[PDB]
Every structure is written in structure tokens, then in C-alpha cells.
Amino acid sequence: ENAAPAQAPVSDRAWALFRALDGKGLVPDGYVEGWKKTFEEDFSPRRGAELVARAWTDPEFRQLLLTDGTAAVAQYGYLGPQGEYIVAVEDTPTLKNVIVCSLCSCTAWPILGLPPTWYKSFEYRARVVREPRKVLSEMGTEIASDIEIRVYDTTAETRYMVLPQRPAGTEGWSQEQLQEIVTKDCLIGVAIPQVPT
């Protein structure tokens, strides 16, 4: 009762699906290898960090990114699959934003990178909508009690990124230096950018 179905190893299944389609001429030459390189090398949270660092140092860009995120992203050439309609959500001294896809894994791939295992976990999908403060605390991020947490559930085509607050002690840093501290987790909304000493 309630046992798993019998299954061949997953890698055997996955490559069976490839070979079945490839052997019918349905997969162009180099097609899955090309998508693998896109996924690994081009879709990257370095791109969302670049966007946050520009917004932090350019009030006009900041305004653009918060009003028409798609156009802002397009300036950099970072629109792409699962990241065609972009909304950036602004953290403030009383508001902390966090992104999930409760139904599956929906993420702004080109600017955040493909989601991490933990973001697609049942634990995150179930819990962050209902108890985001406790989830973040458990993950290492304490949100002061004076801050509304707002969770965006990525249920349609909008693809989100968080614009975190700029931490004190970064005044006058270059865009390069600022990018370095805007991590994947800061874009998702579960981490606050950290300044070393």
C-alpha cells in the first residue's frame, strides 16, 4: 500500500526520452547542448545583481526598473525564456519582499538563474506563503518586527526580482563592488545584502 511504482533509473529514462526523439529527427543538432550552455553560463543571478547595482547608483534607472521592469531589463539585453514580463519589487524600511512559485518553480530564469533545489522544495513552496518570517529566520535572515513581509507567488507570466535595500557602509562603492554583494538569495528575497568588515 502506498508504495512507489517500479521505475528504471532516472538517467536511463531521461536519456531514453532524448534518444526516442533524437532518433526521429525531432531534435536539431546541438540543441540540448546549446540549452545546457544557456542554462549554465548565460542565465545567471550576476545579471540581476548588475541591475540592482545600477538601480542603487542611478535614480533614473531605479525609477525605470520599478515602473517598467521589462524595459529596464531589455536595455541590458537580459529578457529571455521565463523572463519576458519583468516586475521588480522594492524593499523599504518597512517592507521585505520574497518570491516563490507555490505551484511549481516559476522564476525569472535569465536574471536570477534557474531556481535552486531548495526554492523548488515542498518545504519552501508550502511554508513561505503562510509563515515567511519563520522560514526566513530558519534560513538565516531575521526580519525586524517593524517590517511587513510580502510574498509574491509567481502564478502567471509575471517574473519577479527583489530590489533589496542598499546597506549602510557601501556609500560610494562602484557598480562592480555593489554587484558582488547582491547574491541569488538577495534577488529571490530570502537574504539581505551583507557588507563585510
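Residue indices: 1-based, along the sequence shown.
If you average the Cα B factors in the entry, which is higher, 47 to 55 or 137 to 145? Higher mean C-alpha B-factor in the PDB entry: 137 to 145.
26 to 34 versus 127 to 135: which one carries the higher mean Cα B factor per the record? Higher of the two, by average CA B-factor, is 26 to 34.
Checking the entry, which one of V151, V162, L64, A156 has the top C-alpha B factor? Top of the list by C-alpha B-factor: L64.
Divide the modelled residues of the chain into thirds by Cα B-factor and specify which third, lowest, middle or highest, holds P93. For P93, whose C-alpha B-factor we compare with every modelled residue in the chain, the answer is the highest third.
Could you say whether, by C-alpha temperature factor, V190 belongs to the lowest, middle or highest third of its chain? Answer is lowest: the recorded C-alpha B-factor places it there.
Using the temperature factors of the C-alpha atoms in this entry, rank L178 within its chain: lowest, middle or highest third. Middle third - that is where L178 ends up once the chain's C-alpha B-factors are sorted.
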